[PDB]
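First listed ligand is number 1; within each ligand, the first listed atom is number 1. Here is the naming used below: chain letters follow the sequence lines, and residue numbers restart at 1 for every chain. Quick note: numbers below take in every heavy atom, side chains included, and nothing from hydrogens, waters or symmetry partners.
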Number of protein chains: 2
Amino acid sequence: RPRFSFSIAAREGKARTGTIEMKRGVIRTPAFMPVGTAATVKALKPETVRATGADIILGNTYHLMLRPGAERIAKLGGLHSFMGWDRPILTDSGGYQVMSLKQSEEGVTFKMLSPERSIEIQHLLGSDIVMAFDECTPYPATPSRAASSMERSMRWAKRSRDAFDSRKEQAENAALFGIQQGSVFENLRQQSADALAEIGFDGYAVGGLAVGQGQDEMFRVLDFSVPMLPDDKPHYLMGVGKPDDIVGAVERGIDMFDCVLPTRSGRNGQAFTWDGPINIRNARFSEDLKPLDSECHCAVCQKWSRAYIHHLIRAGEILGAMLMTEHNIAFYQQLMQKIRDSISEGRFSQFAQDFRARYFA
Amino acid sequence: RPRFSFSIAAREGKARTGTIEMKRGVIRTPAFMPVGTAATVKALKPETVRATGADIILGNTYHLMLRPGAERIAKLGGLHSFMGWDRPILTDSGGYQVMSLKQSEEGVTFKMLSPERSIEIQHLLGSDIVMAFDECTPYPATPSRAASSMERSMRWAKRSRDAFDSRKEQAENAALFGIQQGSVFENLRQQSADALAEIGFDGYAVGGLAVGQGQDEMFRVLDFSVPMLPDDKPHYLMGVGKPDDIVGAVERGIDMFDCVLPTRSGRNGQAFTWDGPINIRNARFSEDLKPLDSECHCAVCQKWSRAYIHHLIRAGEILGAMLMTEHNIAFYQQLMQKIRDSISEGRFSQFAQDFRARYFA
Ligand SMILES: N#Cc1c[nH]c2nc(N)[nH]c(=O)c12
Ligand SMILES: N#Cc1c[nH]c2nc(N)[nH]c(=O)c12
Ligand SMILES: [Zn+2]
Ligand SMILES: [Zn+2]
């Protein structure tokens, strides 16, 4: 397998379906990446993660650097060996969680991260897809602040590019994605896309659209932002999102997603269904013998009832988190397969319409 | 398969190995039963429980009656269908956890349980091995109080026997075990055994020896107590225990065990090894690439290191509980297999000696 090869097999409108080939395996696109923050996709064994259909998972620079430490993981063989996931891993660069969980042109010191250290940590972890180190931009933001932040990010993008390229082992075996910023302003988004395309990356994320924008605003910004990115490279929407956001984003040209919604909200009692989300803690399920979802092919829906999972979550039992999380990730993966299949057949616009009508019924 | 058939295949000293055949399956003896308190063996899927080697699990009358309710579980198909375990289940009678978690000759009311309601709840749950309803006796206890408590228990044992026998579906499909009491006093233990043997049960537990007795005192009481029980029926030591207690108990004639040690202490960081217990949270494991135990054939030891599991537990990650608990239960089951195998070959006394020397090295 190549270091990196993205190939588009089919298109419909702005939507695309294909694959990313990497040394550690193939990623079908559009793709959903389960989030694993402390070297684990919470409450799931790696094998379970794979069984739901995931091709790739996301790991977090900020968290692992803190615990258990990047150097320590490298010493122990790298993130893949450490956690038991032998397939691709995308690592975020850290500056996102640092901002959420001392800021200068050099990077940031908190209770150090720079483009150079970020790129090195990701290397130490053995990441397959390295994210450029950026300055996330709060929402809302004034144009001047958004401009300033965007410009820094483009300078940090160039620094990321060069630190990556300097490490022969990393450059020959991993990929590097740049991140577009500019808040919701078309001109800043154009400038950022141009700057990133001039540096040149293996893939392009759309950053800064998961920090409080509602779906309408997010879509209108994607509407103009994604066509500015090179067409022949993957387009990654960071931190998005709900099933309906994912469908509308793919309709706008996005190829990759991550989100903590299905794991996090799964442990909180929220289960995804084709008929929309349900809160399994609700008393209406105490004697409901139906599976979480009527059509889901996951092991959880094959074996246990709503009523059982209701009891487990109300009791704060670990198995409840386990089963909720397995279902929800399986659901996300099945949505992704239906999007892929429907674009491959020229019926994705019909699929998106049908999905919505049911999901919001 | 019969309702109930216990057959002894081999003996060595007081030790016995054989099987219990029941409609839902075969139980190899000596047996370890994982404890599942709120319709779950904590942090494990039923299939995982089975993969470790468990033939039978224990469910709790007191807990399920409270949440989710006995009648509710019956409505939903019974405990087996509800939780996804289709093999035998032993249910405790409830009066143990009631005493630990309004006492009269009729039973007990708390913030009602009588022999009759206990036996009915266990029926509602669909239990395979029903425990008589007893009055557990605190340790230490004066002879007079122990005598009084024991006598009540024998009256409650007779009431249990008759409530069970009255329910044709239960009597034709389940088994009933009586529980010996009498604290640590040989005369009271003799009286209780005689009384239980006169009523007649399918199996005999040794109750009241897991409420603070140290191993020396527990063994001396087993020394005289187990030969008082009918030889051709299973002997069950309730709430025991550590690996070394289990070995010494089998050397004294016990056939069945339950304990929360491997699940509970597993989620707390304690891992069992043939070299004795380890606390995986200890800093000495932060970069230890060895499996939890050098010889363990469990999936956990096949796949992950001490260092990883160290990180997960320190981080309070659910996967840490999952893997710790799977290992510990697998360990207990492997101990049980080595006891069974060694008695079948007339080398159990050598095995017990060898186990100890290493375990306590
Ligand atoms: N909005 C937002 C995102 C959620 N992940 C993010 N990751 C970095 N590295 N940049 C970001 O803009 C975002
Ligand atoms: N000691 C003790 C036991 C731990 N489980 C117990 N179960 C009942 N039903 N009686 C008991 O004597 C005990
Ligand atoms: Zn499902
Ligand atoms: Zn093991």
Ligand 1 N/O within reach of A:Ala210 N/O, cut-off under 3.5 Å: yes

Proximity of A:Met131 to ligand 1 by residue part, where a heavy atom lies under 4.0 Å: neither

Ligand 2-proximal atoms of B:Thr137, by part, heavy-atom distance under 4.0 Å: neither

Shortest protein heavy-atom distance from atom 7 (N) of ligand 2, along with the residue and atom involved: B:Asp92 OD2, 2.9 Å

B:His297 near the Zn ion (ligand 4) via N/O/S, less than 2.8 Å: no

Atom 12 (O) of ligand 2: the protein heavy-atom neighbour that sits closest, reported with distance to 0.1 Å: B:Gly208 N, 2.8 Å

Contact check, B:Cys136 vs ligand 2, heavy-atom distance below 4.0 Å: yes

Residue part near ligand 1, for A:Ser93, under 4.0 Å between non-hydrogen atoms: side chain

Best match, B:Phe177, B:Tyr96, B:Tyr62: closest heavy atom to atom 3 (C) of ligand 2: B:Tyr96

Proximal atoms of ligand 1 relative to A:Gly207 (non-hydrogen, under 4.0 Å): 12 (O)

Any N or O of A:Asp134 closer than 3.5 Å to N or O of ligand 1: yes

Heteroatom of B:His327 nearest to the Zn ion (ligand 4) (N, O or S, atom name): ND1

N or O contact, A:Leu209 vs ligand 1, cut-off under 3.5 Å: yes

